[PDB]
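Below you'll find the structure, written out as C-alpha cells, and then a few comments.
Protein chains in written order, with PDB author numbering: chain N, 224 to 394; chain P, 224 to 394; chain R, 224 to 394; chain O, 224 to 394; chain Q, 224 to 394; chain M, 224 to 394.
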C-alpha cells in the first residue's frame, strides 16, 4: 500500500531504542528550491524532539547535527533566522559576525542542554566538524535527487524519499 | 464503516503524543449560529484536556489558543460567559472593560498553570497575536462551511467536518 | 453475539479515561419495584469506584451524583439506609431531620474525600442543585421504560437497557 | 477446546482488578472427604495471594473469608492445623480453647496485616459472622455437588466445577 | 512441531508469576553419567535466576532447594566445588568438615540474601529437611529414567524430559 | 522470507533478558580480511550497549569480553586505536608498552563502570584469562569460515553468519 512505503523506511536504518545512547548524530537533509520554508522546520523539530535528549535528569546529553545542501544562502539564512526566533537555540560554529569556523562551539553545544541542535552550513564545515568530533559519529542522509559525498569510514544511511514531506514521519 | 471517516481524521491530522512539547497551538472552530452553545463547550473542554499540560510537576506549561468565526458577538459572549462560570479560567487580551487588545495577556497565560486556555475574539486579534508569540505556532482548523484564511508561514491543517459534534472525537 | 450490545454501550457513551477531570457527574438510574434492592447497590459501588477519585494524592477530588426515580419512598430510604451501614458515606442535602434542601452540603461532599457520592431524592432536589454546582455538569441516564426531562443546556446521554443488571458492566 | 470451560469461569464470574477495594470477601468451598488436604491448601494459598492486600503501602487492608462444608471435623481440623504450621496465620472466632464464637476477631483479622485470611467453621458461624461486618460482603461459592443456602440480600456467585482441582485456576 | 513439546511443559507445570511468594521450593534433578557437569550448572544458574529473589529492596527473600540423585559422590562434589568457585554461594547442612547434617543451616540460607541456593546431598538429607521447614514447600521433579519417591502430603509435580539440557528452558 | 534466518539466529541462541546477571561474557568474532574496519565497530558498539550494564544505580557491573582473529595485527591495532579515540575505553591486559599479559586488568575492568568492554588479542591471552575469572563464563562465537576451539567445560554457542554485517542485529 501507499502507507507501507513510510512503514519500511522507519526501522530499516532509522530504528530507535527507548533510550538512544549519546552519539554524534549527523542529519543531512537535501534542501531544493521547490521545497518551501515551512515544512523544513517541521522536519527539524521532529529531528530535535526524537534524537536529542536534554532533560535535567541525565548526565549525558546529546543533540543532532543538521546539514543542508542544494540551496542558496538566501533561504538557508532565512530558515536559520526563524529557528532561532522560535527559541530553538542552535550553534553553527560562527558565534559572532565575521568569525572563522569554530568547531569547539559544536563540541560544547552537543553536550549543552540549552542548545537544542547543531547547524552545519556547507561541505567544508561538515568535514572539519567530523575531525573535531572524537566520539562515534553516525550520519543519516535524507535526499530526493542529489546525494552528498560522505567519507567512507563513517556509518552512513542513504534514504531516497519522494520529496521533503516524507522525511518527517521516518524521523 | 461510519467510524472509518473518524479515524482518517483522528490519527492522520491531529495525532497526539503523550509528551508533546509546549507549542503555541491554535484551534480555529467554526461557530455558525446553528450549533448550540453546549456542544461547543464539550469540544472546548476536550480541546483543553488533551492539548494543555498544566500539572505542577512540569516546568514548561502550555495552553491551546481558541478562535471562533462566523457567529455573532451575542452568542460568542454567551459562550464566553458560561466558560468562566464553570471555573474554566481563560484570557482574551482584554483584562478590563474598554481595553485595547493586550497581546501580552495571552503570553504569560500561555505559561500560566491557572489560566486554562486562550480565547481569540476575531481575525484581527488572531493576526496581531501571531506577531506576538515568538515560539513555533501550529494552527488547527475545524470547519463546516467556511474555512478561515491563514498566512502561509505557519503549519496548518484543514479538516472538513460534517458538523460541530464530530470535532471532539477528532481531538 | 450477546456481548456485542455491551460493547455498543460501554465505550461509545460511558467511555472512561484514566485521568478524568473533576466534573459534576450526575448518574440518573431508573429504580423500579421489580428491581431488587441488592442489585442496585452493585451498580452504586461500581459507579462510586470508577467515577470518583478520593485518594489523598490528588488535590482535585470528585464524587458522582446519584438520582433514583420510579420507586416508592419507603424502599428508596431502605436502600439509603443500607448504603450508610456499609460505610459508603453520602449526602443528600438533608444533614438533619426535618431539614430543607441544602445544596451546599452537596457542594462540599463533591470535594470531600470522606464523602463517597451524593444522593438526590427526587426531581425538585435535582433542579435545585442544578443551579448550585458552578463547574461543568454531565448527566448520564440509565433507564428501561421512563425517560426524564433534563434541561437541554447540559451534556446528557440516554441509554436503554433491558433491566438494571446490565448497567454496572456499562460503567 | 478443553481450556474454554476454564475461560468462561475466569473472566465472567471471578474477574479481578489490580486495585480491588477492601470488601468483606467470602469464599465457600465444598469439602467432600475424597479430596486430599494438599489440593485444598493449594486453593487457599491461591485465594489468599489474590484476594488479600496486606502490604505496608496500603492503608485499607483486607483479607478473604474461608468457609468449608460437607465434611467431618476430623479432616477439617487436620487441614486447619497445617495452615497454621505453614505460617498462614488465620482466625476463626475461637481465640482460645473452649471459647464461644467471637466474630470481633474476624473483623480485626479482616483489617490486620499479620492475619492472612479468616476461617469459618460452619453455617452457624457464617450467619453470625454475616451480621457482624457492616461493610459490603460478597460470597463466592465453588462446589461440585452440594450448594449451600446464602441469604438473598448478598451479591453471590455460584460456580460448579468438575472437582476441587479446577477451583485454584479460577481464583 | 518440536517446540510445541517445550510449550506443553513450560506454561502448564512451571508457570511463573513475577511476584511469586517465598515458598520453600524444591528442585529435584536426575544427574546421570551421560550428563556433563557444565550442562547442570546452566540448569542450576537458571533455577537460581528465576526462583530466588535476593534483592536488597524486599523483606521476604527466598532461595530454591537443589537435590541430585543417580550420580556418584565423586562428580557430585566436583559439581559442588565448581559452583562455589563461580561465586554461587550455597549451603548444604554441613558447615564444617566431619559435620552431621544440620537442617538449620538450610533455614537461614533460605532467608539469606548472600546464600543463593541450598544443596541437598542425598535422600536422607531431603526427608530430614522436610520436617524442618515449617512454611509451605513445593517440590519440582525433572528426570529422564528414574523418578524419586516423594512424600504424598508435599505438593509435587513430576516432569519427564528427553535429556537434562531440556530442563533449563522449562524452569 | 529473508528475515526468517535472522529470527532463527536472534532469540534462539542470543536471547536477552532485561535483568541479565553479571556473567563473564566472551564474544569471539571473525575479523577476516574482507571485512571493513568500520562495520566491525557497529557490532562492537551493539555488543557493548546490550551486554554491559555500567549504570551507577546497580552494584554488580559487567562488561563483555571481545576476541578477534582471522587477520594480522595491522588492522587489529588499527581497529583497536579507533575504539579508544571514540571514548569507548577498554582494557586488554597490556596497561603499558612492552608489558606481559596481566589478566588482573581484565578482572577489574569487568567490574569497572568507566571501562566499557575488554579486548583479547589472541587465543594465548584468551586461555590465560580463562583461568583468571572465577565466576561463570559464557562464550559466544560468531564466524563465517573458521571456528576456533574453545575448551568444552564452558557454555558455548556457535553461529554461522553469511558475513559480519548480520552479527549486529543478532546481538
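For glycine and all other residues, C-beta sits at the position ideal for the given N, C-alpha and C.
- Remark: C-beta atoms of residue 290 of chain P and residue 343 of chain P approach each other more closely than 8 Å.
- The C-alpha of residue 336 of chain P lies about 16 Å from the C-alpha of residue 268 of chain P.
- Between the segment 241-249 of chain P and the segment 274-294 of chain N there are fewer than three C-beta pairs closer than 8 Å, too few to call the two in contact.
- Within chain O, the residues placing a beta-carbon under 8 Å from that of residue 261 of chain R are 375, 376, 377, 378, ordered along the chain.
- For the pair of segments examined, the segment 355-371 of chain O was found to touch the segment 246-256 of chain O: the number of CB pairs separated by less than 8 Å reaches three.
- Interface flag for residue 358 of chain Q against chain O is set, since a Cβ pair is found closer than 8 Å.
- For residue 247 of chain O, the beta-bridge partners assigned by DSSP are O:360.
- Sorting O:275, O:331, O:367, O:374 by C-alpha distance to the C-alpha of residue 349 of chain O places O:374 at the top.
- Chain Q places no beta carbon closer than 8 Å to that of residue 334 of chain M, leaving this residue out of the contacts.
- Setting aside the 5 residues that flank it on each side, residue 312 of chain R is surrounded in the same chain by 337, 338, 339, each with a C-beta closer than 8 Å to its C-beta; the list follows chain order.
- One Cα belongs to residue 263 of chain M, the other to residue 227 of chain N, and the distance between them is close to 31 Å.
- Look at residue 394 of chain N here: in three-state DSSP terms it is coil, with no helix or strand label.
- Within the DSSP bridge table, the entry for residue 276 of chain O names O:285 as partners.
- Within the segment 305-371 of chain Q, the complete beta strand (DSSP E) runs of at least 3 residues fall at 340-343, 360-366.
- Close CB contacts of residue 333 of chain N within its chain, under the 6 Å cut and outside five residues either way in sequence, are with 286 (chain order).
- Residue contact with chain O for residue 244 of chain Q: present (Cβ-Cβ distance below 8 Å to some residue of chain O).
- Using a 10 angstroms sphere on the CB of residue 394 of chain N, the tally of other CB atoms reaches 16 or more, which defines it as buried.
- Against residue 268 of chain N, the close residues of chain P are 359, in the order they occur along the chain (beta-carbon pairs closer than 7 Å).
- By the criterion of a C-beta distance shorter than 8 Å, residue 299 of chain R is surrounded in its chain by 254, 291, 344, once the five residues flanking it on both sides are discounted.
- Residue 341 of chain R counts as buried, since no fewer than 16 other beta carbons sit within 10 angstroms of its beta carbon.
- Approximately 16 Å separates the beta-carbon atoms of residue 352 of chain P and residue 378 of chain P; this is outside 8 Å, ruling out the contact.
- Contacts with chain Q at 8 Å (Cβ-Cβ) include residue 308 of chain O.
- Beta-bridge partners assigned by DSSP to residue 253 of chain N: N:292.
- Under the DSSP assignment, residue 382 of chain Q falls in the beta strand (DSSP E) whose first and last residues are 379-383.
- DSSP, read as helix, strand or coil, puts residue 260 of chain N in coil.
- Put simply, the CB of residue 265 of chain N is near chain P, with a gap under 8 Å to one of its CB atoms.
- DSSP places residue 387 of chain M within a helical segment (H, G or I) once states are collapsed to three.
- Within chain R, the residues placing a beta-carbon under 7 Å from that of residue 272 of chain P are 244, ordered along the chain.
- Straight through space, the alpha carbons of residue 271 of chain R and residue 318 of chain R are spaced by roughly 21 Å.
- Comparing alpha-carbon positions, the option among O:315, O:368, O:356, O:237 lying closest to residue 294 of chain O turns out to be O:368.
- Of the other Cβ atoms in all chains shown, 16 or more fall within 10 Å of the Cβ of residue 316 of chain Q; this residue is therefore buried.
- Take residue 356 of chain M, set aside five residues on each side of it, and the residues of its chain with a beta-carbon closer than 6 Å to its own are 247, in chain order.
- Around the C-beta of residue 314 of chain M, 16 or more other C-beta atoms lie within 10 Å, and the residue is accordingly described as buried.
- Contact between residue 346 of chain R and residue 365 of chain R is ruled out by a C-beta separation of about 17 Å, above the 8 Å threshold.
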